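For reference, run12.pdb is printed below; it contains PDB, N, CA and C atoms.
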```pdb
ATOM      1  N   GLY A   1       0.797  -1.276   0.000
ATOM      2  CA  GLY A   1       0.000   0.000   0.000
ATOM      3  C   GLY A   1       0.809   1.295   0.000
ATOM      4  N   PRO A   2       1.101   1.857   1.202
ATOM      5  CA  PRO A   2       0.741   1.243   2.495
ATOM      6  C   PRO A   2      -0.757   1.209   2.604
ATOM      7  N   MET A   3      -1.292   0.149   3.172
ATOM      8  CA  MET A   3      -2.709   0.102   3.396
ATOM      9  C   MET A   3      -2.943   0.296   4.909
ATOM     10  N   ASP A   4      -4.162   0.689   5.267
ATOM     11  CA  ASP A   4      -4.522   0.881   6.676
ATOM     12  C   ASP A   4      -4.321  -0.408   7.423
ATOM     13  N   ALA A   5      -3.895  -0.284   8.657
ATOM     14  CA  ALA A   5      -3.768  -1.449   9.499
ATOM     15  C   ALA A   5      -4.277  -1.025  10.890
ATOM     16  N   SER A   6      -4.401  -1.981  11.809
ATOM     17  CA  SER A   6      -4.961  -1.733  13.145
ATOM     18  C   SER A   6      -4.033  -2.364  14.172
ATOM     19  N   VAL A   7      -3.811  -1.627  15.256
ATOM     20  CA  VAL A   7      -3.158  -2.169  16.423
ATOM     21  C   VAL A   7      -3.847  -3.484  16.893
ATOM     22  N   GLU A   8      -5.052  -3.754  16.406
ATOM     23  CA  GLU A   8      -5.662  -5.060  16.619
ATOM     24  C   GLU A   8      -4.894  -6.253  16.017
ATOM     25  N   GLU A   9      -4.143  -5.966  14.951
ATOM     26  CA  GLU A   9      -3.370  -6.993  14.242
ATOM     27  C   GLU A   9      -2.178  -7.376  15.061
ATOM     28  N   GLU A  10      -2.009  -8.677  15.206
ATOM     29  CA  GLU A  10      -0.841  -9.229  15.907
ATOM     30  C   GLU A  10       0.530  -8.626  15.397
ATOM     31  N   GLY A  11       0.649  -8.468  14.083
ATOM     32  CA  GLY A  11       1.932  -8.086  13.442
ATOM     33  C   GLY A  11       2.211  -6.626  13.802
ATOM     34  N   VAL A  12       1.176  -5.788  13.780
ATOM     35  CA  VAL A  12       1.301  -4.352  14.105
ATOM     36  C   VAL A  12       1.761  -4.246  15.563
ATOM     37  N   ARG A  13       1.133  -5.057  16.403
ATOM     38  CA  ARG A  13       1.445  -5.046  17.817
ATOM     39  C   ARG A  13       2.895  -5.499  18.087
ATOM     40  N   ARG A  14       3.337  -6.574  17.405
ATOM     41  CA  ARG A  14       4.755  -6.998  17.513
ATOM     42  C   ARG A  14       5.701  -5.915  17.031
ATOM     43  N   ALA A  15       5.396  -5.256  15.895
ATOM     44  CA  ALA A  15       6.286  -4.167  15.378
ATOM     45  C   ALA A  15       6.302  -2.988  16.383
ATOM     46  N   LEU A  16       5.144  -2.656  16.970
ATOM     47  CA  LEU A  16       5.093  -1.590  18.009
ATOM     48  C   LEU A  16       6.003  -1.885  19.201
ATOM     49  N   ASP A  17       5.909  -3.104  19.737
ATOM     50  CA  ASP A  17       6.650  -3.432  20.946
ATOM     51  C   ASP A  17       8.129  -3.346  20.556
ATOM     52  N   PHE A  18       8.446  -3.848  19.367
ATOM     53  CA  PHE A  18       9.823  -3.823  18.882
ATOM     54  C   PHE A  18      10.363  -2.396  18.799
ATOM     55  N   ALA A  19       9.616  -1.505  18.147
ATOM     56  CA  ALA A  19       9.998  -0.129  18.040
ATOM     57  C   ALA A  19      10.149   0.599  19.403
ATOM     58  N   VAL A  20       9.209   0.391  20.289
ATOM     59  CA  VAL A  20       9.238   1.058  21.595
ATOM     60  C   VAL A  20      10.431   0.534  22.397
ATOM     61  N   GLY A  21      10.728  -0.759  22.244
ATOM     62  CA  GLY A  21      11.904  -1.373  22.877
ATOM     63  C   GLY A  21      13.190  -0.727  22.340
ATOM     64  N   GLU A  22      13.291  -0.533  21.020
ATOM     65  CA  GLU A  22      14.448   0.160  20.460
ATOM     66  C   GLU A  22      14.566   1.608  20.970
ATOM     67  N   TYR A  23      13.431   2.271  21.139
ATOM     68  CA  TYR A  23      13.387   3.651  21.612
ATOM     69  C   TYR A  23      13.966   3.754  23.027
ATOM     70  N   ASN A  24      13.494   2.884  23.931
ATOM     71  CA  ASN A  24      14.031   2.850  25.280
ATOM     72  C   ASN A  24      15.501   2.496  25.304
ATOM     73  N   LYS A  25      15.879   1.499  24.514
ATOM     74  CA  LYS A  25      17.276   1.056  24.483
ATOM     75  C   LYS A  25      18.201   2.240  24.106
ATOM     76  N   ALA A  26      17.730   3.086  23.188
ATOM     77  CA  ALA A  26      18.552   4.194  22.664
ATOM     78  C   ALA A  26      18.552   5.437  23.529
ATOM     79  N   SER A  27      17.606   5.582  24.443
ATOM     80  CA  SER A  27      17.512   6.853  25.144
ATOM     81  C   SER A  27      18.451   6.898  26.341
ATOM     82  N   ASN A  28      18.673   8.106  26.874
ATOM     83  CA  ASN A  28      19.531   8.295  28.059
ATOM     84  C   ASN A  28      18.694   8.425  29.298
ATOM     85  N   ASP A  29      17.402   8.116  29.144
ATOM     86  CA  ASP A  29      16.433   8.287  30.237
ATOM     87  C   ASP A  29      16.710   7.236  31.285
ATOM     88  N   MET A  30      16.601   7.603  32.556
ATOM     89  CA  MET A  30      16.732   6.583  33.593
ATOM     90  C   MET A  30      15.430   5.782  33.643
ATOM     91  N   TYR A  31      14.357   6.342  33.074
ATOM     92  CA  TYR A  31      13.017   5.703  33.173
ATOM     93  C   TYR A  31      12.496   5.133  31.860
ATOM     94  N   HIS A  32      11.655   4.102  31.962
ATOM     95  CA  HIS A  32      10.924   3.503  30.868
ATOM     96  C   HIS A  32       9.861   4.467  30.316
ATOM     97  N   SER A  33       9.813   4.550  28.999
ATOM     98  CA  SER A  33       8.735   5.145  28.273
ATOM     99  C   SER A  33       7.974   4.031  27.636
ATOM    100  N   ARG A  34       6.699   4.297  27.415
ATOM    101  CA  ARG A  34       5.814   3.375  26.728
ATOM    102  C   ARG A  34       4.936   4.142  25.741
ATOM    103  N   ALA A  35       4.325   3.407  24.803
ATOM    104  CA  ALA A  35       3.325   3.953  23.886
ATOM    105  C   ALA A  35       2.052   4.334  24.697
ATOM    106  N   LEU A  36       1.548   5.550  24.507
ATOM    107  CA  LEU A  36       0.268   5.951  25.009
ATOM    108  C   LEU A  36      -0.761   5.395  24.078
ATOM    109  N   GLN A  37      -0.525   5.566  22.768
ATOM    110  CA  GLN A  37      -1.560   5.383  21.758
ATOM    111  C   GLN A  37      -0.915   5.281  20.381
ATOM    112  N   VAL A  38      -1.360   4.316  19.578
ATOM    113  CA  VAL A  38      -0.972   4.278  18.187
ATOM    114  C   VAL A  38      -1.979   5.183  17.489
ATOM    115  N   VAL A  39      -1.534   6.298  16.938
ATOM    116  CA  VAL A  39      -2.504   7.195  16.358
ATOM    117  C   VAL A  39      -2.782   6.816  14.902
ATOM    118  N   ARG A  40      -1.811   6.139  14.264
ATOM    119  CA  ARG A  40      -1.977   5.692  12.907
ATOM    120  C   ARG A  40      -1.061   4.506  12.636
ATOM    121  N   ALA A  41      -1.646   3.484  12.031
ATOM    122  CA  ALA A  41      -0.914   2.285  11.677
ATOM    123  C   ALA A  41      -1.204   1.966  10.216
ATOM    124  N   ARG A  42      -0.128   1.787   9.458
ATOM    125  CA  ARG A  42      -0.183   1.342   8.067
ATOM    126  C   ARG A  42       0.875   0.225   7.793
ATOM    127  N   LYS A  43       0.632  -0.629   6.789
ATOM    128  CA  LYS A  43       1.609  -1.648   6.420
ATOM    129  C   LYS A  43       1.642  -1.869   4.935
ATOM    130  N   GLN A  44       2.800  -2.296   4.469
ATOM    131  CA  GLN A  44       2.968  -2.519   3.053
ATOM    132  C   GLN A  44       3.661  -3.844   2.896
ATOM    133  N   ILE A  45       3.070  -4.725   2.091
ATOM    134  CA  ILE A  45       3.617  -6.045   1.842
ATOM    135  C   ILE A  45       4.206  -6.101   0.435
ATOM    136  N   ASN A  46       5.524  -6.401   0.403
ATOM    137  CA  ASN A  46       6.283  -7.009  -0.672
ATOM    138  C   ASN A  46       7.455  -8.044  -0.565
ATOM    139  N   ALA A  47       8.757  -7.729  -0.692
ATOM    140  CA  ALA A  47       9.750  -8.758  -0.262
ATOM    141  C   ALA A  47       9.677  -9.027   1.270
ATOM    142  N   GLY A  48       9.260  -8.008   2.001
ATOM    143  CA  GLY A  48       8.933  -8.138   3.420
ATOM    144  C   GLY A  48       7.696  -7.315   3.700
ATOM    145  N   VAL A  49       7.532  -6.962   4.969
ATOM    146  CA  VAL A  49       6.402  -6.171   5.411
ATOM    147  C   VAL A  49       6.965  -4.912   6.050
ATOM    148  N   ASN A  50       6.572  -3.751   5.543
ATOM    149  CA  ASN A  50       6.972  -2.487   6.141
ATOM    150  C   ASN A  50       5.792  -1.996   6.989
ATOM    151  N   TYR A  51       6.049  -1.777   8.284
ATOM    152  CA  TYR A  51       5.014  -1.171   9.154
ATOM    153  C   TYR A  51       5.336   0.272   9.339
ATOM    154  N   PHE A  52       4.319   1.127   9.206
ATOM    155  CA  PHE A  52       4.506   2.579   9.459
ATOM    156  C   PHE A  52       3.600   2.915  10.614
ATOM    157  N   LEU A  53       4.197   3.309  11.740
ATOM    158  CA  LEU A  53       3.420   3.548  12.951
ATOM    159  C   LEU A  53       3.614   4.981  13.420
ATOM    160  N   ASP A  54       2.528   5.774  13.528
ATOM    161  CA  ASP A  54       2.572   7.008  14.280
ATOM    162  C   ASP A  54       2.100   6.799  15.702
ATOM    163  N   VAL A  55       2.954   7.134  16.667
ATOM    164  CA  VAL A  55       2.733   6.674  18.049
ATOM    165  C   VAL A  55       2.993   7.823  19.038
ATOM    166  N   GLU A  56       2.142   7.983  20.051
ATOM    167  CA  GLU A  56       2.483   8.897  21.126
ATOM    168  C   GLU A  56       3.131   8.060  22.199
ATOM    169  N   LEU A  57       4.229   8.579  22.751
ATOM    170  CA  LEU A  57       4.934   7.904  23.858
ATOM    171  C   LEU A  57       4.969   8.843  25.041
ATOM    172  N   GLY A  58       5.060   8.292  26.243
ATOM    173  CA  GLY A  58       5.192   9.105  27.429
ATOM    174  C   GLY A  58       6.130   8.408  28.404
ATOM    175  N   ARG A  59       6.674   9.178  29.325
ATOM    176  CA  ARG A  59       7.579   8.655  30.365
ATOM    177  C   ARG A  59       6.798   8.096  31.528
ATOM    178  N   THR A  60       7.256   6.979  32.083
ATOM    179  CA  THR A  60       6.526   6.380  33.190
ATOM    180  C   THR A  60       7.304   6.558  34.494
ATOM    181  N   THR A  61       6.761   6.003  35.566
ATOM    182  CA  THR A  61       7.413   6.042  36.882
ATOM    183  C   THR A  61       8.347   4.801  37.129
ATOM    184  N   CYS A  62       8.379   3.839  36.194
ATOM    185  CA  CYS A  62       9.270   2.650  36.271
ATOM    186  C   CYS A  62      10.662   3.010  35.756
ATOM    187  N   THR A  63      11.704   2.710  36.548
ATOM    188  CA  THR A  63      13.088   2.886  36.101
ATOM    189  C   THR A  63      13.283   1.798  35.062
ATOM    190  N   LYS A  64      14.203   1.979  34.126
ATOM    191  CA  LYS A  64      14.467   0.898  33.170
ATOM    192  C   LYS A  64      15.088  -0.326  33.887
ATOM    193  N   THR A  65      15.605  -0.129  35.107
ATOM    194  CA  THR A  65      16.224  -1.211  35.897
ATOM    195  C   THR A  65      15.177  -2.225  36.306
ATOM    196  N   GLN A  66      13.960  -1.750  36.561
ATOM    197  CA  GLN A  66      12.819  -2.615  36.818
ATOM    198  C   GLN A  66      12.927  -3.934  36.078
ATOM    199  N   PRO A  67      12.961  -5.077  36.824
ATOM    200  CA  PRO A  67      12.735  -6.347  36.115
ATOM    201  C   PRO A  67      11.254  -6.467  35.683
ATOM    202  N   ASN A  68      10.365  -5.681  36.300
ATOM    203  CA  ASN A  68       8.944  -5.750  36.005
ATOM    204  C   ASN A  68       8.399  -4.501  35.317
ATOM    205  N   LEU A  69       8.260  -4.581  33.992
ATOM    206  CA  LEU A  69       7.737  -3.476  33.155
ATOM    207  C   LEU A  69       6.244  -3.651  32.824
ATOM    208  N   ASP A  70       5.606  -4.570  33.552
ATOM    209  CA  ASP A  70       4.209  -4.917  33.342
ATOM    210  C   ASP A  70       3.202  -3.843  33.779
ATOM    211  N   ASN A  71       3.611  -2.852  34.588
ATOM    212  CA  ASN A  71       2.616  -1.937  35.208
ATOM    213  C   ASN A  71       3.105  -0.533  35.572
ATOM    214  N   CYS A  72       3.372   0.257  34.534
ATOM    215  CA  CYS A  72       4.160   1.451  34.657
ATOM    216  C   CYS A  72       3.304   2.626  34.256
ATOM    217  N   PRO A  73       2.699   3.310  35.231
ATOM    218  CA  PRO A  73       1.815   4.430  34.875
ATOM    219  C   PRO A  73       2.563   5.657  34.351
ATOM    220  N   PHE A  74       1.955   6.374  33.413
ATOM    221  CA  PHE A  74       2.582   7.605  32.978
ATOM    222  C   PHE A  74       2.558   8.637  34.099
ATOM    223  N   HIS A  75       3.570   9.496  34.113
ATOM    224  CA  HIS A  75       3.605  10.691  34.974
ATOM    225  C   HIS A  75       2.368  11.566  34.810
ATOM    226  N   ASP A  76       1.876  12.098  35.923
ATOM    227  CA  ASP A  76       0.686  12.952  35.892
ATOM    228  C   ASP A  76       1.086  14.428  35.750
ATOM    229  N   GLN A  77       2.374  14.711  35.965
ATOM    230  CA  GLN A  77       3.007  15.996  35.626
ATOM    231  C   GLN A  77       3.404  16.041  34.141
ATOM    232  N   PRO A  78       2.772  16.910  33.330
ATOM    233  CA  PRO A  78       3.126  17.106  31.886
ATOM    234  C   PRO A  78       4.634  17.332  31.592
ATOM    235  N   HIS A  79       5.322  18.099  32.446
ATOM    236  CA  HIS A  79       6.760  18.261  32.299
ATOM    237  C   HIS A  79       7.597  17.078  32.794
ATOM    238  N   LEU A  80       6.951  16.064  33.378
ATOM    239  CA  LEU A  80       7.630  14.764  33.602
ATOM    240  C   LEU A  80       7.201  13.708  32.571
ATOM    241  N   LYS A  81       5.933  13.737  32.178
ATOM    242  CA  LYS A  81       5.446  12.798  31.158
ATOM    243  C   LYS A  81       6.167  13.050  29.846
ATOM    244  N   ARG A  82       6.399  14.324  29.533
ATOM    245  CA  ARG A  82       7.100  14.733  28.325
ATOM    246  C   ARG A  82       6.612  14.009  27.091
ATOM    247  N   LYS A  83       5.323  14.109  26.855
ATOM    248  CA  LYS A  83       4.717  13.387  25.782
ATOM    249  C   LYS A  83       5.478  13.578  24.437
ATOM    250  N   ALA A  84       5.748  12.481  23.728
ATOM    251  CA  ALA A  84       6.481  12.571  22.440
ATOM    252  C   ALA A  84       5.646  12.025  21.314
ATOM    253  N   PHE A  85       5.785  12.574  20.101
ATOM    254  CA  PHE A  85       5.127  11.988  18.953
ATOM    255  C   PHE A  85       6.229  11.344  18.081
ATOM    256  N   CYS A  86       6.028  10.059  17.721
ATOM    257  CA  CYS A  86       7.028   9.302  16.950
ATOM    258  C   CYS A  86       6.421   8.676  15.714
ATOM    259  N   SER A  87       7.207   8.665  14.650
ATOM    260  CA  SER A  87       6.882   7.848  13.459
ATOM    261  C   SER A  87       7.968   6.812  13.403
ATOM    262  N   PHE A  88       7.545   5.565  13.485
ATOM    263  CA  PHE A  88       8.439   4.426  13.315
ATOM    264  C   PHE A  88       8.220   3.703  11.996
ATOM    265  N   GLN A  89       9.307   3.222  11.397
ATOM    266  CA  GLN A  89       9.149   2.310  10.231
ATOM    267  C   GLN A  89       9.888   1.049  10.547
ATOM    268  N   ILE A  90       9.163  -0.059  10.590
ATOM    269  CA  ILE A  90       9.719  -1.295  10.964
ATOM    270  C   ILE A  90       9.676  -2.201   9.717
ATOM    271  N   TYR A  91      10.812  -2.818   9.391
ATOM    272  CA  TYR A  91      10.873  -3.755   8.303
ATOM    273  C   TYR A  91      11.004  -5.198   8.831
ATOM    274  N   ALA A  92       9.996  -6.031   8.573
ATOM    275  CA  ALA A  92       9.969  -7.399   9.082
ATOM    276  C   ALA A  92       9.949  -8.327   7.907
ATOM    277  N   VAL A  93      10.677  -9.434   8.011
ATOM    278  CA  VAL A  93      10.526 -10.516   7.057
ATOM    279  C   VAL A  93      10.219 -11.721   7.983
ATOM    280  N   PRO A  94       8.920 -11.912   8.347
ATOM    281  CA  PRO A  94       8.497 -12.866   9.382
ATOM    282  C   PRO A  94       8.931 -14.280   9.047
ATOM    283  N   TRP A  95       8.907 -14.663   7.766
ATOM    284  CA  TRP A  95       9.301 -16.015   7.344
ATOM    285  C   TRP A  95      10.813 -16.277   7.434
ATOM    286  N   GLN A  96      11.593 -15.215   7.591
ATOM    287  CA  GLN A  96      13.025 -15.351   7.863
ATOM    288  C   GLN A  96      13.356 -14.945   9.288
ATOM    289  N   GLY A  97      12.341 -14.638  10.082
ATOM    290  CA  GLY A  97      12.540 -14.278  11.487
ATOM    291  C   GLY A  97      13.237 -12.938  11.756
ATOM    292  N   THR A  98      13.253 -12.015  10.787
ATOM    293  CA  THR A  98      13.951 -10.737  11.006
ATOM    294  C   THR A  98      13.016  -9.546  11.202
ATOM    295  N   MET A  99      13.495  -8.546  11.954
ATOM    296  CA  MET A  99      12.796  -7.313  12.114
ATOM    297  C   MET A  99      13.800  -6.211  12.452
ATOM    298  N   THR A 100      13.754  -5.117  11.704
ATOM    299  CA  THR A 100      14.749  -4.082  11.935
ATOM    300  C   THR A 100      14.019  -2.749  11.912
ATOM    301  N   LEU A 101      14.593  -1.758  12.546
ATOM    302  CA  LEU A 101      13.883  -0.496  12.635
ATOM    303  C   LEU A 101      14.455   0.366  11.498
ATOM    304  N   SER A 102      13.701   0.637  10.455
ATOM    305  CA  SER A 102      14.274   1.352   9.315
ATOM    306  C   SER A 102      14.349   2.838   9.619
ATOM    307  N   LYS A 103      13.451   3.326  10.466
ATOM    308  CA  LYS A 103      13.365   4.777  10.720
ATOM    309  C   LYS A 103      12.650   5.044  12.029
ATOM    310  N   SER A 104      13.168   5.979  12.802
ATOM    311  CA  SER A 104      12.508   6.396  14.035
ATOM    312  C   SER A 104      12.730   7.881  14.268
ATOM    313  N   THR A 105      11.688   8.692  14.076
ATOM    314  CA  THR A 105      11.792  10.130  14.237
ATOM    315  C   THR A 105      10.787  10.551  15.286
ATOM    316  N   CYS A 106      11.310  11.120  16.365
ATOM    317  CA  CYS A 106      10.501  11.444  17.531
ATOM    318  C   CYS A 106      10.755  12.879  17.921
ATOM    319  N   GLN A 107       9.700  13.574  18.349
ATOM    320  CA  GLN A 107       9.818  14.946  18.869
ATOM    321  C   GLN A 107       8.668  15.190  19.868
ATOM    322  N   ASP A 108       8.732  16.256  20.645
ATOM    323  CA  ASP A 108       7.545  16.682  21.449
ATOM    324  C   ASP A 108       6.226  16.663  20.735
ATOM    325  N   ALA A 109       5.212  16.179  21.444
ATOM    326  CA  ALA A 109       3.914  16.040  20.841
ATOM    327  C   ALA A 109       3.231  17.384  21.073
TER     328      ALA A 109
END
```

Turn this file's structure into structure tokens for me.
Amino acid sequence: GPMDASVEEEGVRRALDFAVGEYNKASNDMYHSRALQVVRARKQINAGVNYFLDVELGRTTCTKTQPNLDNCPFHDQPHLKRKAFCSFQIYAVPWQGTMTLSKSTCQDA
């Protein structure tokens, strides 16, 4: 397409978790950020699958040291939540078991 896709789709959800994981891995934040909301999801199928995700992210109260990232509420202070808007492009070739982040551009939302 890219054609419309939904966070309801297993593949979109796997690409999201992958992208958000790369985002945390790359940041200098002592704390975990998570996706607030996928505002737009699209995918394109050819030699692989390209996912295009527009995502709002926010900072949580869980340190990245946390072995438990299962329950991390966003900050209720806007200058601590620091809401970000991100466009991720994830390239997956599921039948070869690969997934790479082709593009990640994030700024204040």

Inset, instruction - May I have the residues within 8 Å of segment 90-101 of chain A as a list in words, using only N, CA and C atoms and disregarding those fewer than 2 positions away in the same chain? - result: residues 15, 16, 18, 19, 22, 47, 48, 49, 50, 51, 52, 53, 87, 88, 103 and 104 of chain A

Only N, CA and C atoms, please: the residues just picked out, written as a compact mmCIF listing (two decimals), in the coordinates of the input.
```
# COMPACT_ATOMS: atom_id res chain seq x y z
N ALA A 15 5.40 -5.26 15.90
CA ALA A 15 6.29 -4.17 15.38
C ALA A 15 6.30 -2.99 16.38
N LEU A 16 5.14 -2.66 16.97
CA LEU A 16 5.09 -1.59 18.01
C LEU A 16 6.00 -1.88 19.20
N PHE A 18 8.45 -3.85 19.37
CA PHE A 18 9.82 -3.82 18.88
C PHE A 18 10.36 -2.40 18.80
N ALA A 19 9.62 -1.50 18.15
CA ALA A 19 10.00 -0.13 18.04
C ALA A 19 10.15 0.60 19.40
N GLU A 22 13.29 -0.53 21.02
CA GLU A 22 14.45 0.16 20.46
C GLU A 22 14.57 1.61 20.97
N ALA A 47 8.76 -7.73 -0.69
CA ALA A 47 9.75 -8.76 -0.26
C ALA A 47 9.68 -9.03 1.27
N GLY A 48 9.26 -8.01 2.00
CA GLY A 48 8.93 -8.14 3.42
C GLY A 48 7.70 -7.32 3.70
N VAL A 49 7.53 -6.96 4.97
CA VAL A 49 6.40 -6.17 5.41
C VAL A 49 6.96 -4.91 6.05
N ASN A 50 6.57 -3.75 5.54
CA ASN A 50 6.97 -2.49 6.14
C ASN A 50 5.79 -2.00 6.99
N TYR A 51 6.05 -1.78 8.28
CA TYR A 51 5.01 -1.17 9.15
C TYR A 51 5.34 0.27 9.34
N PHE A 52 4.32 1.13 9.21
CA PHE A 52 4.51 2.58 9.46
C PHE A 52 3.60 2.92 10.61
N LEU A 53 4.20 3.31 11.74
CA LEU A 53 3.42 3.55 12.95
C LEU A 53 3.61 4.98 13.42
N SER A 87 7.21 8.66 14.65
CA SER A 87 6.88 7.85 13.46
C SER A 87 7.97 6.81 13.40
N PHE A 88 7.54 5.56 13.48
CA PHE A 88 8.44 4.43 13.32
C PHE A 88 8.22 3.70 12.00
N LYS A 103 13.45 3.33 10.47
CA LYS A 103 13.36 4.78 10.72
C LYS A 103 12.65 5.04 12.03
N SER A 104 13.17 5.98 12.80
CA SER A 104 12.51 6.40 14.04
C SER A 104 12.73 7.88 14.27
```

Inset, instruction - Could you give me the residues within chain A that DSSP places in strand (DSSP E or B), as a count of residues only? - result: 54

Legend entry - Option closest in space to residue 57 of chain A, from A:41, A:36, A:5, A:69 [counting all atoms listed in the file]: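 Between A:41, A:36, A:5, A:69, the residue approaching residue 57 of chain A most closely is A:36.
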
Legend entry - Point-to-point distance in Å for atom CA of residue 3 of chain A and atom CA of residue 35 of chain A: 21.7 Å

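Going from atom CA of residue 12 of chain A over to atom CA of residue 65 of chain A, you cover 26.6 Å.
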
Legend entry - atom CA of residue 9 of chain A to atom CA of residue 45 of chain A, straight-line distance in Å: 14.3 Å

Legend entry - For residue 58 of chain A: contacts at 9 Å, only C-alpha atoms, fewer than 5 positions along chain excluded, given as a PyMOL selection string: chain A and resi 32-36+74-75+80-85

Inset, instruction - Please identify which residues in segment 3-92 of chain A DSSP calls helix (DSSP H, G or I) from the backbone, and express them as a list in words. - result: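 Result set for segment 3-92 of chain A (helix (DSSP H, G or I)): residues 10, 11, 12, 13, 14, 15, 16, 17, 18, 19, 20, 21, 22, 23, 24, 25, 26, 78, 79, 80 and 81 of chain A.
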
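The closest residue to residue 30 of chain A, picked from A:106, A:72, A:7, A:62 and counting only C-alpha atoms, is A:62.
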
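Residue nearest residue 29 of chain A within the list A:44, A:63, A:89, A:68: A:63 [criterion: smallest interatomic distance, all atoms listed in the file].
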
Legend entry - Using only C-alpha atoms: which of A:14, A:79, A:26, A:8 has the shortest distance to residue 64 of chain A: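 Among the listed residues, A:26 lies closest to residue 64 of chain A.
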
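For residue 37 of chain A, the list of residues within 6 Å, based on all atoms listed in the file and with local chain neighbours fewer than 3 positions off taken out, reads residues 54, 55, 56 and 57 of chain A.
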